[PDB]
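See structure below.
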Amino acid sequence: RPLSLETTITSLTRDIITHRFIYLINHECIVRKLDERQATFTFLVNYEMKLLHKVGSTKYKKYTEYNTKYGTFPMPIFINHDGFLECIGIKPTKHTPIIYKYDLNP
Ligand SMILES: [Cl-]
């Protein structure tokens, strides 16, 4: 009846990527006028830190090597308001449909 990583990691992603997480990303996007490549980088830097802070080193290394192989780390969905990007949700994994900002935890 086992529980594989994909569930555990997606569950962590829902805990980490809150409204307050998106708030910070959206700020850096306007303040520093980032393109998609820069915003994505900033998005993943902040995800990886919050993940590491939550599960510590040994699990972090498990989950990152699991993502390299099965693409289980979230990707941001950005829209362009006139050269200023806004993150409006995430694809939690490769296989899972998008979650919009309105449906993320406060
Ligand atoms: Cl959904």
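Backbone-built Cβ (ideal geometry, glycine too); neighbour counts: all protein chains shown. Values in this text are rule-based calculations from the coordinates and carry no lab data.
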- Express the relative contact order of the chain as a whole percentage, based on alpha carbon pairs under 8 Å and six or more residues apart in sequence. 34
- Query: Taking the Cα atoms of the chain alone, what are Rg (to one decimal) and Dmax (as a whole number) in Å?
  - Reply: 13.9, 50
- Set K69/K101; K50/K91; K59/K91; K59/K101; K33/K101; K61/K101 screened for pairs whose C-alpha atoms are more than 24 Å apart: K69/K101; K59/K101; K61/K101
- Query: Out of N46, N67, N80, any idea which swings most in a Gaussian network model of the chain, alpha carbons joined below 10 Å?
  - Reply: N80
- Task: Taking the Cα centre of the stretch 5-101 as origin, work out the dipole magnitude from +1 charges on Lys and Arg Cβ and -1 charges on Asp and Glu Cβ, in debye rounded to 20.
- Result: 340
- Query: To the nearest 0.05, what FRET efficiency results for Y70 and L3 with a Förster distance of 25 Å applied to their C-beta separation?
  - Reply: 0.95
- Would you mind calculating the gained length between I30 and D103 on full extension (0.36 nm times residue separation, minus the Cα-Cα distance), in nm to one decimal? 24.0 nm
